[PDB]
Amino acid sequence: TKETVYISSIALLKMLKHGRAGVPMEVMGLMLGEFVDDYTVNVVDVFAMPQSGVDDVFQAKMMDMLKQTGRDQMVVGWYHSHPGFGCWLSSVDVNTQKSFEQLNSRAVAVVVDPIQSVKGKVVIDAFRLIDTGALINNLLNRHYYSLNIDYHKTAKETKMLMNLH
């Protein structure tokens, strides 16, 4: 019954690369992939957003350019880094996630800590807002929860990776 977010090889490497590059600042980007059954979210790819310190024109520009090269996937959420600050959602993040969930209920917010991430342990989590308003009309409290994370690689990607040393 547990829903898992399956993050691809390049999506993981891009997130770690972008997080590390931004230190000591937080960075952010969008996650691309697909929703399958109730228990499955695939994150196939990712792209960095410019330091604001969620640009719509940049996003739309990127999506359109990626589609011309066979990257046709929908936005399934977003990631951000917490350089040395672990995994959680701030109140600004909850609000950001709220806007993602108005487009897709199953949207995911990934958080990575590029400073605590070290050989043998990636410090990462995937969040989704808790459902309130089950009793709201159409016409002691936690605001979010964690989803399990896993990783996917094709057999070809596996053979490729063997070449690192």
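Each residue number is its position in the shown sequence, starting from 1. The term rigid core refers to the most C-alpha atoms you can superpose between the two forms while keeping them within 1.5 Å.
Using the rigid core as the fitting frame, the root mean square C-alpha deviation in 5 other deposited structures of this protein is greater for 55-63 than for the other of 55-63 and 25-33. Rigid core fits of the other structures in 5 other deposited structures of this protein place the C-alpha atoms of one stretch farther away on average; of 109-117 and 95-103, that stretch is 95-103. Not even a third of the other compared entries skip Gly70; each one keeps it along with the residues on either side. When the other compared entries with both flanking residues are checked, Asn138 is unmodelled in at least a third. The entry models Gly53 and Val54 with a gap of 4 to 9 deposited residues left without coordinates. The mean Cα B-factor in the deposited entry runs higher for 129-137 than for the other of 101-109 and 129-137. Taking the mean C-alpha B-factor of each stretch as recorded, 56-64 and 39-47 are not equal, and the higher mean is that of 56-64. Per the PDB record, residue ranking by Cα B-factor puts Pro24 in the highest third of the chain. When the CA B factors of the chain's modelled residues are split into thirds, the value for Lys153 lands in the lowest one. Sort the modelled residues of the chain by CA B factor and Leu32 lands in the lowest third.
Ranked against the other modelled residues of its chain, the C-alpha B-factor of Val122 as given in the entry falls in the middle third. Compared with the other modelled residues of the chain, the Cα B-factor recorded for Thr4 ranks in the middle third.
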